[PDB]
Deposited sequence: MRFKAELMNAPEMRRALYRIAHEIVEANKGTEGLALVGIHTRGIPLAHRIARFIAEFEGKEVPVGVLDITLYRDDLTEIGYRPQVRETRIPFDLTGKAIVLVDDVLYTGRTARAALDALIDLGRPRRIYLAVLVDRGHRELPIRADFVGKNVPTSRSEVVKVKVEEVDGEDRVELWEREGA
């Protein structure tokens, strides 16, 4: 057994992402100065979806930036806006030790001074090694040190699914 079990399926993900979308707006009391930044590869597609959903029930569109950072490497950085004074939501597919999130947080701050910075993640598999936490979480997945969470999304993997693996 390398593959262990299915943590999420497409419907469950769509549902979670909608909740995230709402929770974000509720938190920012609106769309004012709101912007999303996708990180860790699949965080980008997820950000776009969250933006799609927000506009869908809010009307206005939320800008989506990209900071494809992975651990200390980044494939492409695109932030078409001024981070200063804005309410920025970092979107990550999986929160693990928190080091990736922290690295992203570091990078944002070197680029501007947001009014606030939230952290939204599809799944939080625990095992923090830093005082970082997600403001918004799709699903909490208790894991063991040896297990591994694999997030698959249409835009990148041709399918929406969250898998639990183990070595």
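Student: Walk along the deposited sequence from position 1 and note every stretch that has no C-alpha coordinates.
Tutor: Residues missing from the model, as numbered along the full deposited sequence, span 72 to 82, 179 to 181.
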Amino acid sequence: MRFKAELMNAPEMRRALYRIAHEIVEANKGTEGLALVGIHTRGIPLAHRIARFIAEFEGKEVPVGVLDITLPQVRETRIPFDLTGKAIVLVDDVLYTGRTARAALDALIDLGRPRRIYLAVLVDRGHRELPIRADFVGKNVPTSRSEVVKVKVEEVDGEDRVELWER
From here on, numbers count along this sequence of modelled residues.
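Student: Mean Cα B factor from the PDB record: higher for 38 to 46, or higher for 61 to 69?
Tutor: Looking at the record's C-alpha B-factors, the answer is 61 to 69.
Student: Comparing 51 to 59 with 112 to 120, which stretch shows the greater average C-alpha B-factor in the deposited entry?
Tutor: If you average the C-alpha B-factors of 51 to 59 and of 112 to 120, the larger mean comes out for 51 to 59.
Student: Please rank the C-alpha B-factors of the chain's modelled residues and tell me whether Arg102 sits in the lowest, middle or highest third.
Tutor: For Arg102, the deposited C-alpha B-factor lands in the lowest third.
Student: Among the chain's modelled residues, which third holds the C-alpha B-factor of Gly30?
Tutor: CA B-factor rank for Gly30: highest third.
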